[PDB]
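J.:
Residue numbers (my numbering): 1 to 123.
Right, here's the structure in full:
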C-alpha cells in the first residue's frame, strides 16, 4: 500500500481547482524542491512553492481537470488539463505534474507541460 503517497497528491489536486492553498501546501515538505520543464528549480522550500501557485489561483478561469493519475512507489504522476485564458481562445494545457513523497510529505515535485490546446481547434 502506497496510501501515504496518494493522500498528498489527492488532497492537493482537489485543492488546486477548489482554491485551498493551506491543504495545497500542507502535504508538502518545508524544504520541498519544485522544478519546471525540463529541470529548473523555481522553489527550494515550501514557502516559495505556495506563493508561485497563489499567483496562478488569482485566475478565476484556473481549473485543473484531471485525466489520469498513476503511482510508482513513492512517486505519483498527476496528468491534468489546466484551463487558462489564451488570446486565440480557451487556453487548456495538458500537463504531467510528477511528485516525490518522502516521510509522508512531498520531498520534491516537478512538472512538464505537454502542449497548448484550444476548444475551437480541438474535437
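From the three backbone atoms N, C-alpha and C, an ideal C-beta is built for every residue, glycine too.
#1: Let me know if residue 24 comes out buried or exposed under the rule of 16 or more other beta-carbons within 10 Å of its beta-carbon.
#2: So which of 9, 14, 3, 116 has the shortest CA-CA distance to residue 29?
#3: Our contact map puts residue 83 next to residue 73 with C-beta atoms below 8 Å; I'd like the distance itself, whole angstroms only.
#4: Would you decide whether residue 15 is buried or exposed? Buried here means 16 or more other CB atoms lie within 10 Å of its CB.
#5: Does DSSP classify residue 58 as helix, strand or coil?
#6: I need the straight-line Cα distance from residue 142 to residue 109, nearest angstrom please.
#7: Between residue 29 and chain D, is any beta-carbon pair separated by less than 8 Å?
#8: Strictly by DSSP, which residues pair up with residue 89?
#9: Terminal residues of the continuous alpha helix (DSSP H) containing residue 5?
#10: Name the two residues that bound the continuous alpha helix (DSSP H) containing residue 21.
T.: Here's the rundown:
#1: Here residue 24 refers to the residue found at position 24 when the chain shown is read from its first residue. Buried.
#2: Within the chain shown, the letter at position 29 stands for residue 29. Minimum Cα distance to residue 29 is reached at 9.
#3: What you label residue 83 is simply residue 83 of the chain shown in a count that begins at 1. What you label residue 73 is simply residue 73 of the chain shown in a count that begins at 1. About 31 Å separates the two Cβ atoms, so there is no contact after all.
#4: Locating residue 15 in the chain shown gives position 15, counting from the first residue. When all chains shown are included, residue 15 counts as buried.
#5: As a first step, residue 58 must be located in the chain shown, where it is residue number 58. Three-state result, residue 58: coil.
#6: Here the chain covers residues 1 to 123 and nothing more, so residue 142 does not appear.
#7: Note that chain D does not occur in the displayed structure, where there is just one protein chain.
#8: In the chain shown, counting from the first residue as 1, residue 89 sits at position 89. BP columns for residue 89 point to 86.
#9: As a position in the chain shown, residue 5 is number 5, starting the count at 1. Taken as a continuous stretch (DSSP letters only), the alpha helix (DSSP H) holding residue 5 covers 3 to 18.
#10: Within the chain shown, numbered from 1, the residue matching residue 21 stands at position 21. Start and end: 21 to 26.
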